[PDB]
Amino acid sequence: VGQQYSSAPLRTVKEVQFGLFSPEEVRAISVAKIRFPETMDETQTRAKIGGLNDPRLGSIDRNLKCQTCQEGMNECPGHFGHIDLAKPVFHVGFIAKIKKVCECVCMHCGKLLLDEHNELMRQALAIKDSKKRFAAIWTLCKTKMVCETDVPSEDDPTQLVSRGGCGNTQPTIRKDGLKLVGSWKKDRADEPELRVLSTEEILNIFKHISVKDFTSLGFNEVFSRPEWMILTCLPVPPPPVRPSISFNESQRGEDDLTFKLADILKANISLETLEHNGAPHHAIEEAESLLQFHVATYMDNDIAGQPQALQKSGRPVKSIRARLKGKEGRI
Amino acid sequence: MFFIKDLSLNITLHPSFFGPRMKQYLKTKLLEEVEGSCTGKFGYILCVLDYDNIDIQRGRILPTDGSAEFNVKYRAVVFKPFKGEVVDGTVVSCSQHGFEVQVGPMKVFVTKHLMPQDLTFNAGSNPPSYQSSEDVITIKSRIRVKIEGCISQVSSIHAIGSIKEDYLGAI
Amino acid sequence: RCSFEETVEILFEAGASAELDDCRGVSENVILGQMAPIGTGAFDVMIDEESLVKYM
Amino acid sequence: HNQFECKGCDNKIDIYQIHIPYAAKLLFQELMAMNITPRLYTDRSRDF
Amino acid sequence: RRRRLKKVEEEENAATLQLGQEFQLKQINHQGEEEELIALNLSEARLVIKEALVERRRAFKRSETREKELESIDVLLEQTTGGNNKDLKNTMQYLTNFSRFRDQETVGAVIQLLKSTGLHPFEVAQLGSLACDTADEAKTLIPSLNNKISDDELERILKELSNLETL
Amino acid sequence: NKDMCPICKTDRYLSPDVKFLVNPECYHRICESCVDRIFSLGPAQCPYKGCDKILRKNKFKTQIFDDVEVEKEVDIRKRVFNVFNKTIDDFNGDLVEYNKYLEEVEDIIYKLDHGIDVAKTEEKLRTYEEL
Amino acid sequence: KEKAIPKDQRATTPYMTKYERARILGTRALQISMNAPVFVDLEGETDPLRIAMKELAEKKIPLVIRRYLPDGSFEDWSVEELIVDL
Amino acid sequence: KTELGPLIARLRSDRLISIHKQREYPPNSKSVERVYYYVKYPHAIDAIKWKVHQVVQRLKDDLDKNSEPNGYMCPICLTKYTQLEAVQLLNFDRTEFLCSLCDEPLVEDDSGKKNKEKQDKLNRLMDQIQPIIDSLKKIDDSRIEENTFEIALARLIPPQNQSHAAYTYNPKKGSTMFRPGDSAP
Amino acid sequence: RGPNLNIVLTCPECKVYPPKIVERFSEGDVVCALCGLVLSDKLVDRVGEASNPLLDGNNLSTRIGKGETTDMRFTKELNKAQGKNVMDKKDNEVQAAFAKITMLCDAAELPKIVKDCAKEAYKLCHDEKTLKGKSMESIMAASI
Ligand SMILES: [Zn+2]
Ligand SMILES: [Zn+2]
Ligand SMILES: [Zn+2]
Ligand SMILES: [Zn+2]
Ligand SMILES: [Zn+2]
Ligand SMILES: [Zn+2]
């Protein structure tokens, strides 16, 4: 038979513009808000509205239509839902990148630790390619442990020219698990101060980095901002990406992605209910860590030093990264 | 509103028309695929001006289709509706959900809520008509309508009009 | 580059760096299922009206 | 109904159809799940 | 050409003369020469359309009151146009029953009349398509005319427009 | 009736962009926000308690004087002076006739402002327009 | 059109390449299979590929090859003017 | 605790109450972290001003929306159609508006009569919310100083004779560590 | 009470309803048995996990365990956090009952069908007003 005729012009892909999803875009693209960690209603006859297999995200059955485009399985590309996360979480694939940006900017005003008043940074900013410019900037800024409200002038070092600063000592940032922990070193008069850098705190800082500042770090004003490396709204892939197989067709199985997406929802609702009423900070932090772990393992289940998400049979859950990599992956 | 627009189209020729008179076929295709067609970006393409001097560029053979793709530049008269514009037309259909006014190649739909309060629908009279103390609106009647909204699809345009404002309605 | 090794790491860096792929390589066209600009694809085939009129 | 729409962009007249392998569609959607935006464009913005 | 993502666009609205992206005042033709937006009133549009049909009829062959003109246009339409002309038939029928200027001389006078105001092409085309008796009618039927032309000029322009009305 | 629209109760403190307008027909203050929603589609009755005089959005203007009563008198004065308009030279320097003419015009304005004899006075304004 | 090199300064080979011949024969063979007008006399032949070969031998293929350059410019070469020596 | 939790949490989300955690070292007990609650007036006033504005704005917008044409809905699939969207679905007879998914006649929507009720709601709210507007006007004239745990301690009225919590602020020496939102102008 | 969203395969040409339809699985085709017209092509025939929606209903859950490289600290705390979920607490009671039923049925040398029926009987008869003053041992023994 083939696919139906279309009035749209037929074209060839000329360019591919990679980038990061903004939380606003994920909500605008979304056709439905996923709020129930189930797949079928209490009768197990139809898909639950608002659940994982919402009929609005598409159809993977030859006998049902998509509630959005009213087309069969072989024409519906699939439609994305979204889950609004209770608290921001890191992207497991950008934590190292997020850490490097944190060491480059001030963690209280979001300004690059070294301005154009420094000769070495002037050479660094003169590098054309984004990647090596970022490496040069990081090599210079990661050792600057202060914001330097006033900096020596470039005409002579006699008088100081003022620059936007705050004078707060920068911390030494290290990656412990899926958290970023900073340590402040004391003054003349013991053990350094230590506390955890909250994802909300880091998101707030990354939203203050100026356009010219993170373009120097290799980010794009329109397609990739450092603020978007922190996940606030999660895109929910359509069923085509996570189809439900049948072995005897009297038994029903769900994709590993659906299992993890249900975990994210359950962890999300648990965090919402906790922080809504009472919830001493210890309980909240535990819930946030669970939400972070589920999202991280939903995307990549092979993380150094972390536990692995396991099906009830005990085998590792197949993540999106596992599907794209290897001799048998998508590519 | 009627505009004279400079338009471009991509025409496809089946290999059966790769003869010594293929330019004539391209002209025929243009008049058969463009004239009378509706585009949400340019409105209704009504007439092609200077039918003798269309610019036919070199055609590209499609890899697997085998057909030639010609870019064609032409000058056409196109009717494009705009919200907030006032037009005149003739009523073609009447129903409980209001009447429809025919303005050139476009049909404007006037909803009850966009009509004056005094007007009321009377299905008893044949044909059905909207009756008020001063005037009667029926099929073939002439109505001055102000387009209140326009929804343009890639191959269709639908508009809603109103006759509530002054100097509107029956002419 | 993602076709050889470190597929996901390369794609994440492409997203964070907002890399533009112009699809001039064989791998990009293979992924997109379109004729690569190689061999029989290193040129375009156009139709000649000037010769069509004189071939009759 | 011969209707197209990309909600979020609020457009109905700037649509194109492309022929790609279904695995390529699957790949891009998986990248979308990973918060990556592979944006396919039918015209060039930079010269060779 | 640089990046492009969602930008806030001025919603189309005739009252504000915000005609959109493809119907801007300054247009570019196929030769790259700058030109003004060509907006036609009903009478001008009627003449332009039927002027091309006669030329089209001449191409193939070589190689008045309302009713008779309506029939003449109808027979010419069917002869000189291809299939799926359901829209053009309504257009020609609509233009003959709603036009105020019959011949070229009448239309030419209108064009030489309304170009002295310096109004937008959309506004002048509207003033030649709608019959308004008072300056107030044209100020409300064409909200854009507000604070562009004084009532003194509009009153006389409407009088002269109604002057050259055949039948 | 201090700084807020009597209809929508949009105080100036929470909406500093608020701007009021008046309609000569009834001289009722109304913020621009209410004007668009109540009158954009077409003519409608004034949205005031006790006022049933229809008006159009195109007629709204900005109040010049802070006193509403003076605004009414001035606007009527402008309407009359657009019709009843002469100069001292119109009577060939006859000051007595000119002063009597001025007094008559003031009497006309006074009657139109306070509605003493609306019908007869209004007809007189229309009549003199021909002459 | 700055990317269309004028015919007087074309610097590409005046010879048809093997890939150009393969696509031209396949391109014209596909057109013949779709009932395209044949500009060569057939002394008895039903295979579209053989008909295309006859047309190429007698230089009756109304196509031009747009050879692209690594900077985006191109040259237009008619199948009739290209030498088929390989 | 299970009842004070929801109260503290909500008064914290709206920033009517601020929290302060500090380590305490009783001379004869295990070191414990104590939690204190106070009011940061600049923070609370901004929250009040924003919420007052938003509530009025939402009602005003609802008044604007409710004054617009009604629309349409499909009884079966419960999908709303606007006046413009419904005009491209009407049948060939130009008699009824047909749904796209269900191919069923559409039913006119509600909100036609609420034109007066929404205005009544706004009339009531501005009367009830009057004291807040009057108080905010007087606050803007003056300049309020931002409060801190130490500053608040200057006005402390001790609750109990022998409270275990030491109502004192002895900051750590030479501590360059800066916590979020722990400094005031 | 919901959108139809049903696809029925019928031959446009034959027009006979209901139609004779043959599924050429080897060829991946759905063809009209009378005229031979193909009605749908490219029909479809570890990446997921199985579950029984008769004893567990709709409940997708995932365990946390060690990998090839893992620190015991993260595993212990993540399990600690996961246990303190309020929604999953309700069904864990049923699952705990299933575990003890399985233990009893296994210590009795009973076939798998017996324990499946026992667990199903428990689920159907549980969460009802009649069996609220009775000990769980009586419920389990009766279900077995
Ligand atoms: Zn769909
Ligand atoms: Zn700083
Ligand atoms: Zn108001
Ligand atoms: Zn009033
Ligand atoms: Zn429906
Ligand atoms: Zn059949």
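Residues numbered from 1 in each chain as written, not as in the entry; some residues may be left out. Chains lettered and ligands numbered in written order. Part of a larger assembly, values for the part shown. Heavy atoms only, no water.

In the PDB archive, cryo-EM is given as the structure determination method for this entry, at a resolution of 2.9 Å.

Draft legend 1. Inspection of a nonpolar patch on the surface at higher detail. A surface patch of nonpolar side chains, about 470 Å² in accessible area, is lined by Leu4, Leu7, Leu11, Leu16, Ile48 and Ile132 of chain H. Inspection of the secondary structure assignment puts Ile132 of chain H in helix α5 (residues 130-141). (Patch = residues over 30% accessible without salt bridge, like charges linked within 9 Å, V, L, I, M, F, W, Y side chains within 5 Å. Areas by Shrake-Rupley, 256 points an atom, 1.4 Å probe, with all protein chains shown as cover. Salt bridge = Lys/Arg side-chain N within 4 Å of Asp/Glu carboxyl O. Helix = DSSP H or I, 4+ residues; strand = E, 2+ residues; numbered from the N terminus.)

Draft legend 2. Main features of the coordination of the zinc ion (ligand 4). Residues and elements named next belong to chain F. The zinc ion (ligand 4) binds to the protein through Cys26 (SG), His28 (ND1), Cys46 (SG) and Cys51 (SG); the donor distances cover 2.1 to 2.3 Å. With relative accessibility at 15%, the residue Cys26 sits in the buried group. Judged by relative accessible area, which is 22%, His28 ranks as partly exposed. (Donors = N, O, S within 2.8 Å, 3.2 Å for Na, K, Ca; no water. Buried < 20%, exposed > 50% of the residue type's maximum accessible area, 1.4 Å probe, protein only.)

Draft legend 3. Structural context of helix α1 (residues 22-33) of chain D. With 12 residues, α1 of chain D extends 16 Å between its outermost C-alpha atoms, agreeing within 8% with the 16 Å of an ideal straight helix rising 1.5 Å per residue. Among the 12 residues in α1 of chain D, nine count as buried, and that is most of the element. Those residues of α1 of chain D that fall on the buried side of the exposure criterion are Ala24, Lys25, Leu26, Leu27, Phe28, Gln29, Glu30, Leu31 and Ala33 of chain D. Tucked into the core, α1 of chain D has its buried residues touching β9 (230-236), α8 (281-299) and α9 (320-324) of chain A, α1 (7-17) and α2 (26-32) of chain C together with β1 (39-41) of chain D. Count one or two residues on from α1 of chain D and you reach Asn35 of chain D, which has phi positive near 70°. (Expected span 1.5 Å × (residues − 1). Contact = heavy atoms within 4.5 Å.)

Draft legend 4. Region of the structure containing the arrangement of the chains. Across the 21 pairs of chains that are in contact, the largest number of contacts falls between chains A and I. Nothing in chain E touches chain G, and the closest approach of their C-alpha atoms is 13 Å. Left apart from each other, chain F and chain G have a closest C-alpha approach of 51 Å.

Draft legend 5. The sheet that holds strand β1 (residues 21-24) of chain I, seen in detail. All names here are of chain I. Read across the sheet, three strands follow the order β1-β2-β3 without closing on themselves; strand pairing throughout is antiparallel. Since the sheet does not close on itself, it has two edges, and those belong to β1 and β3 (38-41), each with one partner. Within this sheet the neighbouring strands show an average axis-to-axis angle of 20°, counted without direction. (Pairing = 2+ DSSP bridges. Axes fitted to C-alpha atoms, helices over the stretch in contact; angles between N-to-C directions.)

Draft legend 6. Summary view of empty space enclosed by the protein. If you add up the space inside the largest cavity, you get close to 110 Å³. Taken together, 15 residues make up the lining of the largest cavity; nearest its centre are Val87 of chain B together with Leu42, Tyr94, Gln126 and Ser129 of chain E. Contributing elements (two or more residues each) for the lining of the largest cavity: β7 (86-95) of chain B together with α5 (121-129) of chain E. No other element matches β7 of chain B, which puts three residues into the lining of the largest cavity. Of the residues in the lining of the largest cavity, the class split is 10 nonpolar, three polar and two charged. (1 Å grid on protein atoms, 1.4 Å probe; cavity = no way out; pocket = protein on both sides within 12 Å on 5 of 7 lines; lining within 4 Å. Points joined across faces, edges and corners; volume = space filled by probe spheres on them. Nonpolar A, V, L, I, M, F, W, Y, C, P; charged D, E, K, R; others polar.)

Draft legend 7. How the structure looks around the coordination of the zinc ion (ligand 2). Residues and elements named next belong to chain A. For the zinc ion (ligand 2), the protein coordination sphere consists of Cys106 (SG), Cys109 (SG), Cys147 (SG) and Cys166 (SG), at 2.3 Å. Coordination at the zinc ion (ligand 2) is tetrahedral: its four donor atoms span angles of 107 to 112° at the metal. The exposure class assigned to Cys166 is partly exposed, which follows from its relative accessible area of 30%. (Tetrahedral: all angles 85-135°; square planar, octahedral: opposite > 155°, others 65-115°.)

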